[PDB]
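1. Partial complex follows, first chain(s) only, in situ:
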Amino acid sequence: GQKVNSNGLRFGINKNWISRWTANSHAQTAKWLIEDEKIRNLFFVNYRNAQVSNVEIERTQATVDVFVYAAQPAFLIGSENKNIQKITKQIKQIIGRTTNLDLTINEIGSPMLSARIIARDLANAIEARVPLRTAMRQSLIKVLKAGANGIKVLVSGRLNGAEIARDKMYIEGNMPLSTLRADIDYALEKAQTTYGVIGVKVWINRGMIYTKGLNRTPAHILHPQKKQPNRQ
Amino acid sequence: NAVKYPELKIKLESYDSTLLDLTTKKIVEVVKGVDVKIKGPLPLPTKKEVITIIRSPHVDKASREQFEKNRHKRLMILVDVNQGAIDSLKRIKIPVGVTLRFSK
Amino acid sequence: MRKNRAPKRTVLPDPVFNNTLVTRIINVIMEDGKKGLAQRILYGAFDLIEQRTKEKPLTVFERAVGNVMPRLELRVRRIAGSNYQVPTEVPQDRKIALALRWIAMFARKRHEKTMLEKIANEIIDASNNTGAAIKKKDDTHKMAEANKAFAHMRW
Amino acid sequence: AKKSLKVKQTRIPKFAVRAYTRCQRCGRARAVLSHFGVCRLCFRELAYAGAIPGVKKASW
C-alpha cells in the first residue's frame, strides 16, 4: 500500500527544517518560498559531479545565508576560485541585488551513508547503460562497508528498457520504518533514460537518536572535519 | 545613573518551542548579569493554525491529511534598563527562528 | 463472534419520587436530545394524575407499568420458509425496558391533545388493564401460547 | 494552454476583479493557499521536505 513520506513523518520531532525563516506578510511569504526552491534545485540539477548532499537556506528581513554541504567541493571551488564567482552571480540574480548573501560551502563527512548522493550515483549508473543488478549491488556493498545499518533501495520504472514496468528492491538489515526514534534519511531521484524515466528511492538507517531534541546537532558530517569557507 | 527607557516590554514568538525556551534562558541570564529586576518570563497561549490538504492527486477527497504550524508566544517586561543593560543587549544574537516585538 | 458481554451504565435513582424507573421513561420519551423538556412533560402528567385519580402518582405509575410488563418473548428463527417462533423468558432489566418503550410508543399516537395529557391518559388507562399497551402485551402472550410447541427448540 | 495563462496572471489586468491567484511553483489555478501562495499538491511536496518552517504533521 501507500506509505507516508519517511522524511515528512519525522519533521518537527527529530528532524529540523531545511529552511528556517519568518516572513513579514502573506505576500512576502510566497516570494521567499519559491525563490529558495530555485536555489536548491539549481545546486542539485546542475553542478552534480560534486555530490551535493543537502543545501540549507537561512534568511532574515534582508540577509540571505546559504549552507551547502558537498562530498567533493573542488568542483564548486574551481581553478583558483573561478566557478565560485559564477555561482555567486547565479544566486544574486535569483534573490536580488538589494539583499546580502553569505553563501557557505561546508565539506561533509561520511559521504556514503547519505541517501541523496547514493540516489544520484544510482541514477547516473542507470543513465550510463550500466546493468541494474550489478549497479545496486556495488552501491549496496560499499555503503554497508562504510559502517551503517540496513539500506533499502527501490528502483521502479521501465526497467532495462522493457515495455512492461517492474520494480526491484533490496533490503539488507533492520530498516524500522514505523519507528520514530530511528534516523532514516530518504531521497528520491529521477534517472532520465532514453526509454523513459526511472524512479530510485533510497532508505538508509543511520542508528538510533537516543538524545531527545529537534536535532540542532549535525548528522553524518561530524566524523571527519567539516569546514572550508567562502563566507564573511 | 539613568534609565532612558521605562517599561521595556519584550515579546517573543517563534514557530519552534525549544529554541524559544533557549532564547529566554539567554535573555534572562544577561539581563540578570546586569542590574535589572525581571518581572518574569511568562508564557502566552500559542496560536495554532491548521491546513487540511487532500492527499490524492485527482479523486478521493475523503483521504485528506493535515498539517499544523504553532506560533509559540512569550512575554517579558523590563522595568529599568539603562545603558549598562542596553549596551550588553547589543551582543545577544537571537537565533533567527525567534521573533522579537520590542515595544519600547 | 464477539465473546464479550457489554458493560452497563448506571440507571440513577429518580430525583423526586426516588424511583429509578422514572429516569428510564424520561430517556425513552426523549426526542431532539432535550433532557429539560422531557422532565417537564412527564412531571406535568403526574400533576394531572393527582387532579384526576386523587392517589399517589408513583403508586399509579408502578401499577400501570407493572401491569403492562410482559412475561414471554417471541424470537424469530427462520429455517426454510417463514419463521417458526420461539417463546423465551425475558430478563428483568429488559422487562421494564420493553414496557416503557411500548408505553411511550402508543402514547405519541393517541387522539388526545398536548402530549402531557396524552401520556397522562395512557398511564391511567393502563392501571385498569384496558388500553393500547395492554393489547400489545395480550397479543404477544397469546402468540407465545399458540406457539408453545417449538419452545423446546431454540438454537 | 498553460504557459500563456501563467504569464498573463503575472501581468496586471485592466480590471481589478480580473486578477486571480495561481500557484507560484506550478501553474495550477484552483485550490491555491493564499497563506502560502502554493497549491495543495505542491504544499504537500514542500511540507514533506522541510522547506516551510514549522509545518509539522498533526496529531490534534
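-> Cool, got the structure. Residues are numbered from 1 along each chain as shown, chains lettered A, B, ... in the order given.

2. before we move on, what SS does residue A:229 have?
-> Secondary structure state of residue A:229, per DSSP: H, G, I helix; E, B strand; the rest coil, is coil.

3. I'd say it and residue A:104 touch.
-> Yes. Residue A:229 is within contact range of residue A:104, at 7.2 Å (criterion: Cβ atoms under 8 Å). In short, each C-beta sits where N, CA and C put it, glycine included.

4. any idea which helix is longest in chain B?
-> helix B:18-33 (DSSP state H).

5. Could you measure from the residue sitting furthest away from the middle of chain A over to chain B?
-> Largest separation from the mean C-alpha position in chain A: residue A:163, at 30.7 Å (Cα atoms, centre = their mean). Noted for residue A:163: a distance of 25 Å to chain B, by Cβ to the nearest Cβ, to the nearest Å.

6. for residue C:105, same thing?
-> According to Cβ to the nearest Cβ, residue C:105 and chain B sit 38 Å apart.

7. Off-centre distance for the helix or strand that residue falls within?
-> Per DSSP states H and E: residue C:105 is located in helix C:92-107. Centre-to-centre, helix C:92-107 and its host chain are 2 Å apart (Cα atoms, centre = their mean, to the nearest Å).

8. Can you tell me which helices and strands it packs against?
-> Applying 3 or more Cβ pairs under 8 Å, 6 or more residues apart in numbering or on different chains; DSSP states H and E, one finds that helix C:92-107 makes contact with helix C:21-29, helix C:57-68, helix C:115-126, helix C:132-146.

9. and those, which is most packed in?
-> Sort the helices and strands packed on helix C:92-107 by mean neighbour count, taking mean count of other Cβ atoms under 10 Å in any protein chain shown, and helix C:115-126 sits at the top with a mean of 21.

10. Enumerate the beta-bridge partners assigned to residue B:73.
-> residue B:13, residue B:44 (DSSP bridges).

11. ok, it - how many residues close by?
-> Residue B:73 has 18 neighbouring residues, counting by other Cβ atoms under 10 Å in any protein chain shown.

12. what's near enough to touch it?
-> By Cβ atoms under 8 Å, 6 or more residues apart in numbering or on different chains, the residues touching residue B:73 are B:11-13, B:43-47.

13. Just list the residues touching the residue nearest to the spatial centre of chain B, thanks.
-> Against the mean C-alpha coordinate of chain B, by Cα atoms, centre = their mean, the closest residue is residue B:12 at 2.0 Å. By Cβ under 8 Å, 6+ apart, residue B:12 lies in contact with B:20, B:23-24, B:73-76, B:98-101.

14. Chain E should go on the structure too:
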Amino acid sequence: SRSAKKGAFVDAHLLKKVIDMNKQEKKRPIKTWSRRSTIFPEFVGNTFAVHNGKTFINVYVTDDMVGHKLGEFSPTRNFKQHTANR
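-> That brings us to chain E, laid onto the chains above:
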C-alpha cells in the same frame, strides 16, 4: 436590486452612437455587442443588433421596453424538443 446612487448603466460607447444616430434621420440597425446596457429613454425609436452568441438578432425598442437590459430581449440558447431515449 441595483443601487440607487449608481443609477442605470450604459457602456457610453452605445450611448455615443445612439446620440449620433438619433440626430441622423436615415437610421439603420445599430450593431452593438453590449447586452449589458440598460435601455435609456433616448434609445426609443432605434433598432439594435444584439449578439446572441452566434448572430446579431434585431430588436426594435419601443416606449414600453424601457428599463430592462438590452440583452434581455434576445436569446442565447435554444431548446424545443427532446427525443425518446428507448
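
15. returning to what we had before: identify all contacting residues around the helix holding residue C:105.
-> Taking Cβ under 8 Å, 6+ apart as the rule, helix C:92-107 contacts C:21, C:24-25, C:28-29, C:64-65, C:68-71, C:73, C:90, C:115, C:118-119, C:122-123, C:126, C:131-133, C:136-137.

16. List the buried residues of that helix.
-> Residues of helix C:92-107 classed as buried: C:95-100, C:102-104, C:106-107 (neighbour count, 16 or more other Cβ atoms under 10 Å in any protein chain shown).

17. what's the answer for stretch B:54-65, then?
-> In stretch B:54-65, counting by 16+ other Cβ under 10 Å, buried: B:54, B:65.

18. starting at the chain centroid, how far to it?
-> Centroid separation between stretch B:54-65 and its chain, computed with Cα atoms, centre = their mean, is 36 Å.

19. can you give me the strands in chain E?
-> E:30-32, E:47-51, E:56-60 (DSSP state E).

20. Out of these, which is closest to residue B:59?
-> strand E:47-51 (39.0 Å; Cβ to Cβ).

21. between that closest one and strand E:56-60, what angle do the directions make?
-> Relative orientation of strand E:47-51 versus strand E:56-60 (axes from the mean of the first three to the mean of the last three Cα atoms, to 10 degrees): 150 degrees.

22. what lines up beside strand E:47-51 in the sheet?
-> Strand E:47-51 is paired, per DSSP bridges, with strand E:30-32 (parallel), strand E:56-60 (antiparallel).

23. Can you tell me which of those strands is most buried?
-> strand E:30-32 (a mean of 17).

24. Distance check, the residue of chain B most remote from its centre against residue B:94.
-> Note on chain B: the largest C-alpha distance from the chain mean falls to residue B:59, namely 41.5 Å (Cα atoms, centre = their mean). Residue B:59 sits 47 Å away from residue B:94, going by Cβ to Cβ, to the nearest Å.

25. Next, residue E:7: phi, psi?
-> phi 90, psi -140 (degrees, to the nearest 10).

26. Tell me the residues on chain B that lie near chain D, please.
-> Neighbours of chain D within chain B, by Cβ under 8 Å from any Cβ of the partner chain: B:15-16, B:49-51, B:53-55, B:57, B:65-70, B:97.

27. Put the buried members of the residues you listed into a PyMOL selection.
-> Buried subset of those, written as a PyMOL selection, criterion 16+ other Cβ under 10 Å:
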select buried, chain B and resi 15+16+51+53+54+65+67+68+69+70+97
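
28. near chain A, which of the residues of chain B next to chain D show up?
-> Near chain A, taking Cβ under 8 Å from any Cβ as the test, the members of the residues of chain B next to chain D found are B:15-16, B:97.

29. extra chain here, label it chain F:
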Amino acid sequence: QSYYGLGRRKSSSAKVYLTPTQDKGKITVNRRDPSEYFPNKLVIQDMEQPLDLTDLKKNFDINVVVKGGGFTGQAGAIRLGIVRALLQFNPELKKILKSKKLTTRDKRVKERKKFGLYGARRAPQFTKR
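-> Let me add chain F to what's already shown:
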C-alpha cells in the same frame, strides 16, 4: 479555617470555598442564587449528591466561582469541587465518598471531528448499487 476544592468537567473550572457555619448552608453559585443561575431543572440536587448522604447540617457556607462550560458541565465541576474541598475536613469521609465513585474525574470530554466523517463517530451514508 476554610477549605478549597477545584473540580473540572467538560472544560469548566470550579472554585469551591468551604466555610464553617452554623446558620444554614445557604448554597451560592457565582454570587447568585442557585435557583436563578441554573435552569433549576432539578439539577441542584446533583451537586449536593455527595453533600446529602453524609450531611449538610454542618451548614458549610459555599462560595462557588465557575467560569466556563454550559450548565450541566458547571454542575459537574462543583460536585467534584465540593468533594475536593471535602477531602480536607475529616479524612474518613473520603473512604465512604470513594465507594460511590464520587472522588474521580469523569474523564469524559467531547471527541474531535474526523475528516471524511459527519462528526466524532458518525459516517456518511453508504450506497452500494
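
30. Please re-evaluate the buried residues of helix C:92-107 in the presence of chain F.
-> So for helix C:92-107, counting by 16+ other Cβ under 10 Å, buried means C:95-100, C:102-104, C:106-107.

31. in chain D, which spans are strands?
-> For chain D, the strands defined by DSSP E cover D:32-33, D:38-39, D:56-57.

32. what distance separates the last one from the middle of the whole chain?
-> Using Cα atoms, centre = their mean, we find the averaged C-alpha position of strand D:56-57 to lie 20 Å away from the chain's own average C-alpha position.

33. just stretch B:57-77 next, same as before
-> Using Cα atoms, centre = their mean, the offset of stretch B:57-77 from its chain centre is 20 Å.

34. Can you list the residue ranges for strands in the chain?
-> Here I'm looking at chain A. With strands called from DSSP E, chain A shows them at A:19-20, A:52-60, A:63-70, A:101-107, A:151-157, A:166-171, A:182-193, A:196-208.

35. other chain: chain F
-> F:3-5, F:15-19, F:61-65.

36. Tell me which residues of the lengthiest helix in chain A come out buried.
-> When chain A is parsed with DSSP H, its longest helix is helix A:28-45. Neighbour counts over helix A:28-45 (16+ other Cβ under 10 Å) mark A:29-30, A:32-37, A:39-40, A:43 as buried.

37. from chain D, which residue is nearest to chain F?
-> Nearest to chain F, among the residues of chain D, is residue D:60, at 5.5 Å (Cβ to the nearest Cβ).

38. The longest helix of chain A packs against which elements?
-> Using 3+ Cβ pairs under 8 Å, 6+ apart, helix A:28-45 is in contact with strand A:52-60, helix A:83-95.

39. Identify, out of the ones you listed, the most deeply packed stretch.
-> The highest mean neighbour count among those, using mean count of other Cβ under 10 Å, belongs to strand A:52-60: a mean of 20.

40. Quickly run through the sheet partners of that one, with directions.
-> strand A:19-20 (parallel), strand A:63-70 (antiparallel).

41. Give me the residues contacting that strand.
-> A:18-21, A:32, A:36, A:39-40, A:43-44, A:64-71, A:108, A:111, A:114, A:116-117, B:96.

42. what angle sits between that strand and helix A:28-45?
-> Using the same axes, to 10 degrees, strand A:52-60 lies at 160 degrees relative to helix A:28-45.

43. Would you mind getting the angle between strand A:52-60 and strand A:101-107?
-> Calculated by the same axes, to 10 degrees, strand A:52-60 forms an angle of 150 degrees with strand A:101-107.

44. returning to what we had before: only the C-alpha atoms, please, for the longest helix of chain A, written as PDB.
-> As requested, the backbone C-alpha atoms of helix A:28-45 are provided in PDB (Å, rounded to 0.1, in the frame of the first residue of the first chain):
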ATOM      1  CA  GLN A  28       6.300  38.100   1.100                       C
ATOM      2  CA  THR A  29       5.800  34.500   2.400                       C
ATOM      3  CA  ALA A  30       5.300  33.300  -1.200                       C
ATOM      4  CA  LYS A  31       8.200  35.100  -2.900                       C
ATOM      5  CA  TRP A  32      10.600  33.900  -0.100                       C
ATOM      6  CA  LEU A  33       9.300  30.400  -0.600                       C
ATOM      7  CA  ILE A  34       9.600  29.800  -4.300                       C
ATOM      8  CA  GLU A  35      13.000  31.500  -4.500                       C
ATOM      9  CA  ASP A  36      14.700  29.100  -2.100                       C
ATOM     10  CA  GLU A  37      13.300  26.200  -4.100                       C
ATOM     11  CA  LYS A  38      15.000  27.600  -7.200                       C
ATOM     12  CA  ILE A  39      18.300  27.900  -5.300                       C
ATOM     13  CA  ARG A  40      18.100  24.300  -4.100                       C
ATOM     14  CA  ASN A  41      17.100  23.000  -7.500                       C
ATOM     15  CA  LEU A  42      20.000  25.000  -9.100                       C
ATOM     16  CA  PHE A  43      22.500  23.300  -6.800                       C
ATOM     17  CA  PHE A  44      21.000  19.800  -7.400                       C
ATOM     18  CA  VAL A  45      20.200  19.900 -11.200                       C
END
